Amino acid sequence: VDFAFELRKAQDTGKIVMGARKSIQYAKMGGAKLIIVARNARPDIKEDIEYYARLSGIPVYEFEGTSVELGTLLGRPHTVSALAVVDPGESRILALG
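Deposited coordinates in this entry are attributed by the record to X-ray crystallography, at a stated resolution of 2.400 Å.

Identification of the chain as 50S ribosomal protein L30e from Thermococcus celer is taken from the PDB entry. You can read under Sequence similarities in the UniProt record for the chain the words "Belongs to the eukaryotic ribosomal protein eL30 family."

Below you can see the structure in the form of structure tokens.
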């Protein structure tokens, strides 16, 4: 699965929500279809995300990259340490699950 491509595709054709806060929020509300977390997401933040996702049976795929690398992918001027896919759109981003 072409992560970078599929991520962008889901960005351009679906619904992704960025940030640890929002991802935990969509996890506990079960609104998220998948969560992506940066390899180096801050351990205390990463553990909570990973807990809420598990609580809700939501899949989590660890991006093998940094949060500055994930942020640059999403074309953001800032770090992204986790993201929740609400709508995959036309992409295969759920195949990461």
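Caption draft 1: Looking closely at the overall build of the chain. On a plain count of helices and strands, the chain comes out with four helices and four strands. Helices and strands appear in the chain in the N-to-C order α-β-α-β-α-β-α-β. For 97 residues, the compact-globule estimate of 2.2 N^0.38 gives 13 Å, and the C-alpha radius of gyration of the chain, at 12 Å, lies within 12% of that figure. In terms of overall dimensions, the chain has C-alpha extents of about 30 × 25 × 20 Å along its principal axes. For the chain, long-range pairs separated by at least 24 residues make up 80% of all intrachain contacts whose partners lie at least 6 apart in sequence.

Caption draft 2: Inspection of helix 3 (residues 43-55) at higher detail. Taking 1.5 Å per residue as the helical rise, helix 3 with its 13 residues ought to reach 18 Å, and the 18 Å between its terminal C-alpha atoms agrees with that figure. Regarding helix 3, the residues found buried are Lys46, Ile49 and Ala53. In an axial view of helix 3, the angular spread of the buried residues amounts to 65°, which keeps them on one side of the axis. Exposed residues pointing more than 90 degrees away from the buried face of helix 3 are listed as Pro43, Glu47, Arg54 and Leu55. For helix 3, the elements touching its buried residues are helix 2 (20-28), strand 2 (34-38), strand 3 (60-63) and strand 4 (82-87). Positive backbone phi, approximately 65°, marks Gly57, located one or two places after helix 3.

What counts, and at which threshold
- Residues numbered from 1 in each chain as written, not as in the entry; some residues may be left out.
- Heavy atoms only, no water.
- Residues with missing side-chain atoms left out of burial classes, pairs and counts.
- UniProt positions renumbered as here; feature names shortened; annotations may be inferred.
- Helix = DSSP H or I, 4+ residues; strand = E, 2+ residues; numbered from the N terminus.
- Rg over C-alpha atoms; globule rule 2.2 N^0.38 Å.
- Contact = heavy atoms within 4.5 Å.
- Expected span 1.5 Å × (residues − 1).
- Buried < 20%, exposed > 50% of the residue type's maximum accessible area, 1.4 Å probe, protein only.
- Arc of directions from axis to C-beta.

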